[PDB]
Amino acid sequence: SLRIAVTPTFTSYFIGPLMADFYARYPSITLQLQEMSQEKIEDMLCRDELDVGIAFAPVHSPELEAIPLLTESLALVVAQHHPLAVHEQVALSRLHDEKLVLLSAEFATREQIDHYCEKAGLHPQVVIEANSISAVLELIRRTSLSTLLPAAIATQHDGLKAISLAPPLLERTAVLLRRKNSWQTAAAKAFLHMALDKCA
């Protein structure tokens, strides 16, 4: 009965493949996956309500151990018919003229976006906000709007492309979390190992 929790960005590109592979390898293990804020993941782990979590550094809880997983970098994600979809990379200043669909303020990703946009002197117009990554992706594929999301998400979807931002806007280190000195089951350990191999 492996209980997994991840911050919202991972749901859109990381966890699906990994869990599918794990299930295929170990069909007898019942899986539970929940996406939620990092704070809630850290708290639930402390209370042994979860076996493994996936979030970002820095971890706020001392009783938790963090193992670097990968680097997540924000890109301008657009549909193939977007004017900028022709480039592989674009200058950060381009954001000024972009009409964006973004995740709402309760998402850590949106918080970081605002902070670093402010820091870089960028204030693009946000015409649409949604509290769902899937909703944002749907909106971008059907319009000429763009969004700011981890580049890894575009790879998962055909009609979407991730445009790297010249001076990068946001880079974060994804981490695997587990409560220290509270030992793991064979399934949990296998899962952690699989998560690392996939990122190797």
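Residue numbers run from 1 along the displayed sequence.
Comparing 129-137 with 65-73, the stretch with the higher mean C-alpha B-factor in the PDB entry is 65-73. Per the PDB record, of the two stretches 35-43 and 154-162, 154-162 carries the greater mean B-factor over its C-alpha atoms.
Comparing C-alpha B-factors across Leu92, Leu103, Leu100, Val78 in the deposited entry, the largest value falls on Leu92. Per-chain ranking of the deposited C-alpha B factor places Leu169 in the highest third. Placement of the Cα temperature factor of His193 within the chain: middle third of the modelled residues, per the deposited record. Annotation for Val59: C-alpha temperature factor in the highest third relative to the rest of the modelled chain, per the entry.
Residue-level temperature factors show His115 in the middle third of its chain, judged at the C-alpha atom.
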